[PDB]
Every structure is written in C-alpha cells, then in structure tokens.
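Each reported figure results from applying straightforward, stated rules to the coordinates on display, with no laboratory input. Positions of Cβ are backbone-derived with ideal geometry, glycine not excepted, and every protein chain shown enters the neighbour counts.
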Amino acid sequence: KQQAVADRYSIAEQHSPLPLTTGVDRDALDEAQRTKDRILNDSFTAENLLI
Amino acid sequence: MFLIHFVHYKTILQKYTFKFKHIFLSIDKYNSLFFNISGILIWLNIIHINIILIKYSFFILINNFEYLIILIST
C-alpha cells in the first residue's frame, strides 16, 4: 500500500468494457500461423529423424 | 489478367505416422544353443580324437551326415 503508484490507465481499466479484440492485425496473424507451422514442421521432422 | 501478388501458404503437417515393416524383418534364420565343446571324436576311414578339456561330460551329440562325429559336452 505504501509503495504503490497508479497510472491513469490502470484506473480506466476497471470501469470500461472488456475488448474482444487483441491488437493483432490480419498480417500479424498470417505471420503467426506461418511461424507456428514452420516450427512445428521442423520439430516433427527432427523427432522422426531421431526415431 | 493478374490482379494480385501472393505468398503461397501450404500445410505440410505430418501429424500422422504410418510405418510398415518390410517383409524381411520376419524371415527365419537358424539359431542355435551354444555350449563350450569339451571334446570331439571323428571317424570315417580312420578314427581321430581331439580332447580340448577333460571333465565329466554332461551332454553328448552324435551326428552322422558325412563323417561320424561325436561332440562331447558340446
């Protein structure tokens, strides 16, 4: 209690609607899907190679 | 005509694995019990004895195919 400092934002957070929207763009989501795909693919490849 | 330029997504995910053994994994071989041979007797024209180790022999084989042979404690 003695040490806490409040920004205005952390106060607005409490009385306000909750966003259904993460800030993630169309293109950002494209790259997310591509990244996940690429990494998963290489990890499965690697594991099959150990087998 | 061309309206657009795009980057080609593909889903390469392998998520299923089907490996089938080739036939020759299950083919037979000839396996044998193996003990230390303590001695051997051969006879065809003339008898010959070889003794590697002298002990009381607990097992004895006789084999007739070309030459008569007797594998002692084999």
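Summary table below
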{"item": "Qualifying position, being within 30 Å of A:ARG34 (Cα to Cα) and aliphatic (A, V, I, L, M), among B:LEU41, B:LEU71, B:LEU3, B:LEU61", "result": "B:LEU3"}
{"item": "Search result, residues across the range B:50-68 that are closer than 9 Å to B:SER38 by Cβ and polar (S, T, N, Q)", "result": "B:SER57"}
{"item": "Options A:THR21, A:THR35; residue that is under 14 Å from the mean Cα position of the chain (by Cα) and away from chain B (no Cβ under 14 Å)", "result": "A:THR21"}
{"item": "Cross-chain or 6+ apart pairs with Cβ under 8 Å, the range B:11-26 first and closer than 22 Å to A:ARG34 by Cβ, then of a type in the set (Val, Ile, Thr)", "result": "B:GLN14/A:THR45"}
{"item": "Boolean, A:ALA4 is out of contact with any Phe, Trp or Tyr (no Cβ under 7 Å at 6 or more places or on another chain), within 12 Å of chain B (Cβ to nearest Cβ) and either loosely packed, with under 10 Cβ neighbours inside 10 Å or small (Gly, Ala, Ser) (or both)", "result": "no"}
{"item": "Test for A:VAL24: is it surrounded by 10 or more Cβ atoms within 10 Å (Cβ to Cβ) and outside any helix (DSSP H, G or I)", "result": "yes"}
{"item": "Per-region count, the range B:1-47, residues within 14 Å of another protein chain (Cβ to nearest Cβ) and either in contact with a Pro (Cβ under 6 Å, 6 or more places away or on another chain) or of a type in the set (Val, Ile, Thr) (or both)", "result": "4"}
{"item": "Near pairs, Cβ below 6 angstrom, 6+ apart or cross-chain, from the range A:28-51 (over 12 Å from B:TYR9 (Cβ atoms)) to any residue that is of a type in the set (A, V, I, L, M)", "result": "A:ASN41/B:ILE12"}
